[PDB]
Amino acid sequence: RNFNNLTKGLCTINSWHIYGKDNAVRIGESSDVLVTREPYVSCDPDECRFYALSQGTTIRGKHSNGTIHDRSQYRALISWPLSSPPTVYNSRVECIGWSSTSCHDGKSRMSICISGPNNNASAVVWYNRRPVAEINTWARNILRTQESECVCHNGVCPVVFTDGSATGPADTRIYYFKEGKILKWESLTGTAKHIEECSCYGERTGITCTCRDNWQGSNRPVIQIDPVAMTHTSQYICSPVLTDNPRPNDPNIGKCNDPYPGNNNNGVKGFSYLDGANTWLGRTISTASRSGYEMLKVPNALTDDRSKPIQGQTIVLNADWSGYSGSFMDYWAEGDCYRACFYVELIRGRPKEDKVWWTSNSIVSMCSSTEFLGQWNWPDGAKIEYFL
């Protein structure tokens, strides 16, 4: 087997087709389905799987009580077959912790999980299902990482980490791993002022990450990584089509090098594909809460501070709960281009649905089509009253 190289461009995105959906909460009403949050999708050369942070209990289990909590000793990164739900009997534990990323380099998979108390957290880097390297907290304030897949080129897999305040200046680092070993790390440079939960994808130009400014900005920070030189730059998406949540209404001029103001100390993990005229942005439909999800085609969104949508597709209706979203691609698929994909976390339970005492989610995922396909909407589909 050989290391995968990023040698293709993105396929032209004219619409999005359904890729996967696990209906986990519906099924977990009467099955041994693990409580999760922070899901994602990641491909091996022979298989694509769903990933998430388990809470170490099933939904019907009494220990689901209190699972709105983020960081406990009972969490772990699990993976399971595409569009199956995460069950006790089919979920594979990748590592123990409450913040994670994972990616295949063409030869083997690297998985990273962070665990610990707020002031003493540490990352363990697994490669080919064995622990290889460990990284101690550098700011002693919740060391944390992407919550979606990383991307590799010629064996080098960059990962974005943050340690420090979630509502002020923090210490973000980009690490470059190979076979789980640390080749290099560097402090964040560029004009992004705060970085959380980067969603990344790779193509021939390099690796692109769209992140979450949890401090002052409702536009999204972008980090662009050269995996060969192992260097990066950062800025914001220039477009006035703002894609964080909550957020102000869309103005007519965006901000390329500073946070767009109006909403502070909150946000949601999200993603974009930035590819000139082939640029598509994801966002919640609501500006106030994690409900709805849409994709909008916004030409040159990265660089054009006047850019507006010329096409779009509704993924989840505003009436339905959404949540985290992130990017992934099947780098091992046949063809001359990489087909853009994404997932949306469909959060059920607390805080928005507090008649139950748990918080969990299901997953919906889509990939791009060169056809102009009809659109549906894709809700979680569970009836909360059934759990009372």
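So that there is no doubt, residue numbering starts at 1 and follows the sequence shown.
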Original post:
According to the deposited model, is the average Cα temperature factor higher in 98 to 106 or in 221 to 229?
Top reply: 221 to 229
Subject >> Mean temperature factor over C-alpha atoms, higher-scoring stretch between 275 to 283 and 248 to 256 >> reply: 248 to 256
Original post:
Per the coordinate record, which of the options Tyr74, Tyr293, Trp126, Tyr175 holds the highest CA temperature factor?
Top reply: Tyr175
Subject >> Criterion, highest CA B-factor; candidates, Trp358, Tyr343, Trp332, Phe50 >> reply: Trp332
Original post:
For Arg306, does the deposited CA B-factor place it in the lowest, middle or highest third of the chain?
Top reply: middle
**OP:** Looking at the entry's B-factor column for C-alpha atoms only, identify whether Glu186 ranks in the lowest, middle or highest third of its chain.
**Re:** highest
Original post:
If you rank every modelled residue in this chain by C-alpha B factor, which third holds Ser325: lowest, middle or highest?
Top reply: lowest
Original post:
In terms of the CA temperature factor given in the entry, to which third of its chain does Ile27 belong: lowest, middle or highest?
Top reply: lowest
**OP:** Select lowest, middle or highest to describe the third in which the CA B-factor of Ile13 falls within its chain in this entry.
**Re:** middle
